[PDB]
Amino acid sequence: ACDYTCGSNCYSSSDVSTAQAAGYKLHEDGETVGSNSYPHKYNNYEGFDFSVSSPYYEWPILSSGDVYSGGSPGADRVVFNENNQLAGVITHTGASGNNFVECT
């Protein structure tokens, strides 16, 4: 069973922890990767009711199982905060334009 289902992409907790650790490390060091500069702030324009506090950051999580290192980020993201607490796993899949919906 999937811990998080983003459209048809299936993630375990392990996938999420791995992606989040990479994104948080870059965040801590002040470095980014890719043309969209990940990780970057996530403004929560959608207004998700995250259980942890802002500020929030987003980092791509890939269905290949690899950690994001540039190139296309796909549709899915992990959102973490300043304390490296996971806020949620979100996706552009099934959402209009560049909006997001929560992975289930």
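Start at 1 with the first residue shown and count on from there. Rigid core: the largest C-alpha set superposing within 1.5 Å between the two forms.
Handout entry: Divergent stretch in 4 other deposited structures of this protein, 61-69 or 44-52 [C-alpha RMS, superposed by the core]
Key = Checking 44-52 against 61-69 in 4 other deposited structures of this protein, I find the farther stretch is 44-52.
Practice task
Could you check which stretch, 75-83 or 42-50, carries the larger mean CA temperature factor in the entry?
Solution key: It is 42-50.
Practice task
Consider only the C-alpha atoms of the modelled residues in this chain, order them by B-factor as the entry records it, and name the third containing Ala1: lowest, middle or highest.
Solution key: For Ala1, whose C-alpha B-factor we compare with every modelled residue in the chain, the answer is the highest third.
Practice task
Taking the chain's C-alpha temperature factors as the reference, tell me which third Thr18 falls into: lowest, middle or highest.
Solution key: Answer is middle: the recorded C-alpha B-factor places it there.
Exercise for the section: Within this chain's modelled residues, let me know which third the CA B factor of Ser96 belongs to: lowest, middle or highest. Expected result: Tercile = highest for this residue's CA B-factor.
Practice task
Taking the values exactly as deposited, rank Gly34 by C-alpha B-factor within its chain and report the matching third: lowest, middle or highest.
Solution key: According to the entry, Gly34 has a C-alpha B-factor in the chain's middle third.
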